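Coordinates from protein32.txt are shown below (compact mmCIF, C-alpha atoms).
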# COMPACT_ATOMS: atom_id res chain seq x y z
CA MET D 811 -87.69 26.04 20.80
CA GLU D 812 -90.48 27.37 23.01
CA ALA D 813 -91.69 30.24 20.83
CA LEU D 814 -90.86 28.18 17.75
CA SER D 815 -92.14 24.64 18.28
CA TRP D 816 -91.87 22.01 15.54
CA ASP D 817 -95.08 20.23 16.53
CA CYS D 818 -96.91 23.49 15.79
CA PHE D 819 -94.79 24.20 12.72
CA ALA D 820 -95.71 21.04 10.81
CA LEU D 821 -99.45 21.29 11.47
CA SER D 822 -99.18 24.96 10.50
CA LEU D 823 -97.57 24.03 7.18
CA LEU D 824 -100.25 21.51 6.24
CA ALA D 825 -102.87 24.18 6.90
CA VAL D 826 -101.26 26.41 4.27
CA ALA D 827 -100.34 23.65 1.82
CA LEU D 828 -103.84 22.15 1.83
CA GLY D 829 -105.53 25.50 2.39
CA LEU D 830 -103.93 26.97 -0.72
CA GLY D 831 -103.59 23.74 -2.67
CA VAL D 832 -107.24 22.83 -2.21
CA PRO D 833 -108.53 25.92 -4.06
CA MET D 834 -105.53 25.93 -6.40
CA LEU D 835 -106.21 22.37 -7.55
CA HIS D 836 -109.99 22.73 -7.33
CA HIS D 837 -109.77 24.91 -10.44
CA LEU D 838 -108.08 22.06 -12.30
CA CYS D 839 -110.80 19.49 -11.65
CA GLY D 840 -113.58 21.97 -10.91
CA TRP D 841 -114.21 24.83 -13.33
CA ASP D 842 -115.56 27.91 -11.54
CA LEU D 843 -115.88 31.69 -11.74
CA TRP D 844 -113.12 32.28 -9.19
CA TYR D 845 -110.71 31.09 -11.87
CA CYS D 846 -111.69 34.05 -14.05
CA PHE D 847 -110.88 36.65 -11.40
CA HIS D 848 -107.74 34.83 -10.26
CA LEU D 849 -106.62 34.60 -13.89
CA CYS D 850 -106.73 38.34 -14.59
CA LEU D 851 -105.69 39.11 -11.02
CA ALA D 852 -102.62 36.90 -11.39
CA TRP D 853 -101.70 38.47 -14.73
CA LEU D 854 -101.72 41.90 -13.08
CA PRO D 855 -98.33 43.57 -12.46
CA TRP D 856 -98.88 43.87 -8.71
CA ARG D 857 -101.95 42.05 -7.39
CA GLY D 858 -103.24 42.58 -3.86
CA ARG D 859 -104.76 45.87 -2.72
CA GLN D 860 -104.03 49.55 -3.30

For the structure just supplied, provide its representation as structure tokens.
Amino acid sequence: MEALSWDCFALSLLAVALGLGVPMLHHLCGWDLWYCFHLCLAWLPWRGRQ
């Protein structure tokens, strides 16, 4: 498990969970403009970039 270490896996997961959850939940208890863009962007058929 050299290339794929667990110690680095866990910490890596928290970075994504909190990194994405922070802004995802921030909208719940923190109204902002980003929510507007994310709203329409999420409704889109295929978000991302052309």

### Query
Quick one: distance from CA of residue 811 in chain D to CA of residue 828 in chain D in Å, one decimal?
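So the two atoms, CA of residue 811 in chain D and CA of residue 828 in chain D, lie 25.2 Å apart.
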
### Query
Can you tell me how far CA of residue 834 in chain D sits from CA of residue 849 in chain D, in Å to one decimal?
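Rounded to one decimal, the two atoms are 11.5 Å apart.
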
### Query
Any idea what the distance is between CA of residue 854 in chain D and CA of residue 831 in chain D?
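Answer for the CA of residue 854 in chain D to CA of residue 831 in chain D separation: 21.0 Å.
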
Export of chain D: C-alpha atoms, as a compact mmCIF listing (two decimals), in the first residue's frame:
# COMPACT_ATOMS: atom_id res chain seq x y z
CA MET D 811 0.00 0.00 0.00
CA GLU D 812 2.88 2.34 -0.82
CA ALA D 813 1.31 4.31 -3.67
CA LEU D 814 -2.07 3.99 -1.94
CA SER D 815 -1.61 4.74 1.76
CA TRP D 816 -4.58 4.83 4.13
CA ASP D 817 -3.09 7.53 6.36
CA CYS D 818 -3.09 9.81 3.30
CA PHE D 819 -6.47 8.52 2.13
CA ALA D 820 -8.42 9.52 5.24
CA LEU D 821 -6.94 13.02 5.50
CA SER D 822 -7.60 13.37 1.76
CA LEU D 823 -11.26 12.46 2.25
CA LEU D 824 -11.83 15.01 5.01
CA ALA D 825 -10.36 17.67 2.73
CA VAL D 826 -13.06 16.95 0.15
CA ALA D 827 -15.90 16.33 2.59
CA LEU D 828 -15.27 19.56 4.51
CA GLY D 829 -14.03 21.41 1.44
CA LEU D 830 -17.26 20.72 -0.43
CA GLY D 831 -19.54 20.50 2.59
CA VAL D 832 -18.38 23.84 3.97
CA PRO D 833 -19.60 25.84 0.94
CA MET D 834 -22.52 23.47 0.40
CA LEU D 835 -23.83 24.02 3.93
CA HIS D 836 -22.76 27.66 4.05
CA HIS D 837 -25.62 28.38 1.65
CA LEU D 838 -28.07 26.88 4.13
CA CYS D 839 -27.08 29.10 7.06
CA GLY D 840 -25.53 31.87 4.99
CA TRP D 841 -27.47 33.34 2.07
CA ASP D 842 -25.14 34.55 -0.69
CA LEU D 843 -24.91 35.30 -4.41
CA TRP D 844 -22.98 32.11 -5.15
CA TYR D 845 -26.22 30.26 -4.45
CA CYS D 846 -27.84 32.01 -7.41
CA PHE D 847 -25.20 30.89 -9.90
CA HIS D 848 -24.95 27.41 -8.40
CA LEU D 849 -28.74 27.12 -8.57
CA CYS D 850 -29.04 27.78 -12.30
CA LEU D 851 -25.72 26.04 -12.95
CA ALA D 852 -26.97 22.92 -11.16
CA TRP D 853 -30.27 22.95 -13.06
CA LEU D 854 -28.33 22.95 -16.34
CA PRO D 855 -28.31 19.71 -18.36
CA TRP D 856 -24.52 19.41 -18.33
CA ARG D 857 -22.74 21.89 -16.06
CA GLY D 858 -18.98 22.40 -16.18
CA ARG D 859 -17.23 23.94 -19.17
CA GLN D 860 -17.60 23.75 -22.95
